[PDB]
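*Asks:* Following this message is one structure expressed as structure tokens.
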Amino acid sequence: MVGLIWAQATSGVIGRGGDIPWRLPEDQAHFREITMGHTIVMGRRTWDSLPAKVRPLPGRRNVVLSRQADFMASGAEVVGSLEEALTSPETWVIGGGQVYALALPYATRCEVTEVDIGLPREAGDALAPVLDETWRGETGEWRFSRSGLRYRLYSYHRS
Ligand SMILES: NC(=O)c1ccc[n+]([C@@H]2O[C@H](COP(=O)([O-])OP(=O)(O)OC[C@H]3O[C@@H](n4cnc5c(N)ncnc54)[C@H](OP(=O)(O)O)[C@@H]3O)[C@@H](O)[C@H]2O)c1
Ligand SMILES: O=C(O)CCC(=O)c1ccc2c(c1)OCCCO2
Ligand SMILES: [Co+2]
């Protein structure tokens, strides 16, 4: 099982300036629950976005995808191809935009947090991947984050 997990604005923006223009504590707990115990695969830029005191994320096989053969990610594995990282029963791709696109052929689940924030796409933004007709979606109710933004969870899946 390869799954993708991400939060996006209604516009599809997931990242800007190397970070994320919101923060939902409820989404971070949801992320931790879904990924805990499993492999997490991330692009090098997303590894960079994590503070050093946070990496690796605890209780998970942290895998960083990079083309630099000497890139050092302390506490993590660095692989040069996505296929290298798929040696566990559950693998969650945690971003960012480039790695979601690379991983989507392998994926049968997307746990998507839609954040009710009006955020026009700008040059250089990272974007959510486009899900084609093979994906079946189930939606939750709109909920209020304590940060003041509404959000809702979509669970997409396909055989
Ligand atoms: N909203 C969310 O839920 C969420 C979650 C995660 C990240 N984000 C945001 O997304 C943004 C980063 O996403 P990004 O698309 O800019 O970069 P990214 O996907 O996180 O990492 C890009 C890097 O991955 C490596 N890479 C990409 N394709 C590869 C391949 N085919 N083989 C080997 N290595 C490969 C390269 O690393 P080298 O350059 O080292 O080769 C590339 O520079 C940040 O803003 C981050 O905050 C958002
Ligand atoms: O998982 C934990 O241990 C606590 C929450 C956390 O560390 C976290 C939550 C969301 C993330 C993230 C980390 O980095 C990946 C890119 C953005 O999505
Ligand atoms: Co689990």
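Following the order of the structure tokens, chains are lettered A, B, ..., residues in each are numbered from 1, and ligands are numbered from 1.
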Please identify the strand (DSSP E) residues within stretch 6-150 of chain A (assignment by DSSP from backbone atoms) and present them as a ChimeraX atom specification.

*Replies:* /A:6-9,13-15,39-43,61-65,77-79,91-95,109-115,126-127,136-139,143-144,150

*Asks:* Identify, with DSSP run on backbone atoms, the residues in chain A assigned to alpha helix (DSSP H), and express the list as a VMD selection string.

*Replies:* chain A and resid 25 to 35 44 to 49 97 to 103

*Asks:* Can you write out the residues you just picked, keeping C-alpha atoms, as a tab-separated table (two decimals), in the first residue's frame?

*Replies:*
chain	number	residue	atom	x	y	z
A	25	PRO	CA	-3.08	21.43	14.80
A	26	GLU	CA	-5.93	19.02	14.01
A	27	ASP	CA	-4.34	18.20	10.66
A	28	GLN	CA	-0.95	17.57	12.28
A	29	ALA	CA	-2.56	15.08	14.69
A	30	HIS	CA	-4.38	13.44	11.77
A	31	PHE	CA	-1.07	13.24	9.87
A	32	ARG	CA	0.74	11.72	12.84
A	33	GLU	CA	-1.99	9.09	13.29
A	34	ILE	CA	-2.06	8.04	9.62
A	35	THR	CA	1.70	7.85	9.23
A	44	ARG	CA	14.51	16.63	-0.20
A	45	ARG	CA	12.92	20.08	-0.12
A	46	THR	CA	10.30	18.87	2.36
A	47	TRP	CA	13.02	17.33	4.55
A	48	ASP	CA	14.71	20.75	4.47
A	49	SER	CA	11.47	22.35	5.69
A	97	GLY	CA	4.55	18.62	-4.99
A	98	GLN	CA	7.20	16.90	-7.09
A	99	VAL	CA	7.16	13.69	-5.06
A	100	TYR	CA	3.36	13.45	-5.05
A	101	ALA	CA	3.42	13.57	-8.86
A	102	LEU	CA	6.20	10.96	-8.99
A	103	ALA	CA	4.42	8.65	-6.52

*Asks:* Of the candidates A:111, A:116, A:70, A:132, which one gets nearest to ligand 2 if we count only C-alpha atoms and all ligand atoms?

*Replies:*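 Closest residue, counting only C-alpha atoms and all ligand atoms: A:111.
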
*Asks:* Could you jot down the atom 10 (C, counted along the ligand's line) of ligand 2 to atom CA of residue A:119 separation for me, Å, one decimal place?

*Replies:* 19.2 Å

*Asks:* Out of A:66, A:1, A:141, A:92, which residue has the shortest atom-to-atom distance to residue A:159 when counting only C-alpha atoms?

*Replies:*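 Looking at the shortest contact to residue A:159, the residue is A:1.
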
*Asks:* Could you check the closest approach to residue A:89 for each of A:69, A:131, A:13, A:2 and tell me which residue wins, using only C-alpha atoms?

*Replies:*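 That would be A:2, the residue with the smallest distance to residue A:89.
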
*Asks:* Would you kindly return, as a PyMOL selection string, each protein, DNA or RNA residue with an atom no farther than 12 Å from any atom of residue A:7, considering only C-alpha atoms and excluding same-chain residues fewer than 2 positions away?

*Replies:* chain A and resi 4-5+9-15+20-24+26-28+30-31+94-97+100+110-117+126-129+151-155

*Asks:* Restricting it to C-alpha atoms, dump the selection as an mmCIF file, in the first residue's frame.

*Replies:*
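Generated file (selection_12.cif):
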data_model
loop_
_atom_site.group_PDB
_atom_site.id
_atom_site.type_symbol
_atom_site.label_atom_id
_atom_site.label_comp_id
_atom_site.auth_asym_id
_atom_site.auth_seq_id
_atom_site.Cartn_x
_atom_site.Cartn_y
_atom_site.Cartn_z
ATOM 1 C CA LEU A 4 -0.384 10.094 -0.400
ATOM 2 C CA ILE A 5 -1.252 12.513 2.404
ATOM 3 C CA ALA A 9 -5.995 25.250 -0.122
ATOM 4 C CA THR A 10 -9.157 25.289 -2.233
ATOM 5 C CA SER A 11 -6.977 26.480 -5.138
ATOM 6 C CA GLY A 12 -4.782 23.373 -4.861
ATOM 7 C CA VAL A 13 -1.762 25.181 -3.407
ATOM 8 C CA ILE A 14 0.108 22.996 -0.925
ATOM 9 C CA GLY A 15 3.365 24.932 -0.502
ATOM 10 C CA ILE A 20 3.139 26.050 4.098
ATOM 11 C CA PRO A 21 0.971 29.182 4.450
ATOM 12 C CA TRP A 22 -1.230 27.751 7.254
ATOM 13 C CA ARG A 23 -1.009 25.444 10.259
ATOM 14 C CA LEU A 24 -3.876 23.269 11.533
ATOM 15 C CA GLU A 26 -5.935 19.025 14.012
ATOM 16 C CA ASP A 27 -4.341 18.200 10.656
ATOM 17 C CA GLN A 28 -0.949 17.568 12.281
ATOM 18 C CA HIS A 30 -4.384 13.439 11.768
ATOM 19 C CA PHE A 31 -1.067 13.244 9.866
ATOM 20 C CA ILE A 94 4.226 13.060 2.702
ATOM 21 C CA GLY A 95 5.292 15.485 -0.039
ATOM 22 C CA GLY A 96 5.972 17.745 -1.596
ATOM 23 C CA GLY A 97 4.553 18.621 -4.993
ATOM 24 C CA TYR A 100 3.356 13.448 -5.053
ATOM 25 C CA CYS A 110 -4.905 9.866 -0.890
ATOM 26 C CA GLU A 111 -5.758 11.331 2.486
ATOM 27 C CA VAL A 112 -6.474 14.929 1.557
ATOM 28 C CA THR A 113 -7.152 17.820 3.942
ATOM 29 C CA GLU A 114 -8.952 20.628 2.135
ATOM 30 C CA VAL A 115 -8.358 23.949 3.916
ATOM 31 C CA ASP A 116 -10.980 26.660 3.340
ATOM 32 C CA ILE A 117 -8.458 29.370 2.545
ATOM 33 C CA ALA A 126 3.869 23.569 -4.994
ATOM 34 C CA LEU A 127 0.528 22.074 -6.024
ATOM 35 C CA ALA A 128 -1.603 19.066 -5.182
ATOM 36 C CA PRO A 129 -1.563 16.337 -7.848
ATOM 37 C CA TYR A 151 -11.190 22.187 6.825
ATOM 38 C CA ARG A 152 -12.481 18.823 5.732
ATOM 39 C CA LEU A 153 -10.967 15.433 5.025
ATOM 40 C CA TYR A 154 -11.288 13.639 1.684
ATOM 41 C CA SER A 155 -10.356 9.961 1.511
#

*Asks:* List as a list in words the protein and nucleic acid residues near residue A:81, meaning an atom at most 9 Å away when only C-alpha atoms are counted, but skip any in the same chain fewer than 4 places from it.

*Replies:*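 Answer for this query is residues 65, 66, 67 and 85 of chain A.
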
*Asks:* Identify which of the residues A:82, A:3, A:130, A:93 lies closest to ligand 2, counting only C-alpha atoms and all ligand atoms when measuring atom-to-atom distances.

*Replies:*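 Counting only C-alpha atoms and all ligand atoms, the residue closest to ligand 2 is A:93.
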
*Asks:* Looking at A:40, A:137, A:63, A:80, which one is nearest to ligand 1, with distances taken over only C-alpha atoms and all ligand atoms?

*Replies:*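 Closest candidate: A:80.
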
*Asks:* One decimal, in Å: what's the spacing between atom 22 (C, counted along the ligand's line) of ligand 1 and atom CA of residue A:59?

*Replies:*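 Atom-to-atom, atom 22 (C, counted along the ligand's line) of ligand 1 and atom CA of residue A:59 are spaced 23.1 Å apart.
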
*Asks:* Which residue out of A:8, A:90, A:56, A:150 has the minimum interatomic distance to ligand 3 when only C-alpha atoms and all ligand atoms are used?

*Replies:*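 Between A:8, A:90, A:56, A:150, the residue approaching ligand 3 most closely is A:90.
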
*Asks:* Go ahead and compute the interatomic distance for atom 37 (O, counted along the ligand's line) of ligand 1 and atom CA of residue A:78, in Å to one decimal.

*Replies:*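 Result for atom 37 (O, counted along the ligand's line) of ligand 1 versus atom CA of residue A:78: 9.9 Å, one decimal.
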
*Asks:* Could you give me, as a list in words, the residues within 6 Å of residue A:157, counting only C-alpha atoms and dropping anything in the same chain fewer than 2 positions from it?

*Replies:*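 In the requested form, the answer reads residues 108, 109, 135 and 136 of chain A.
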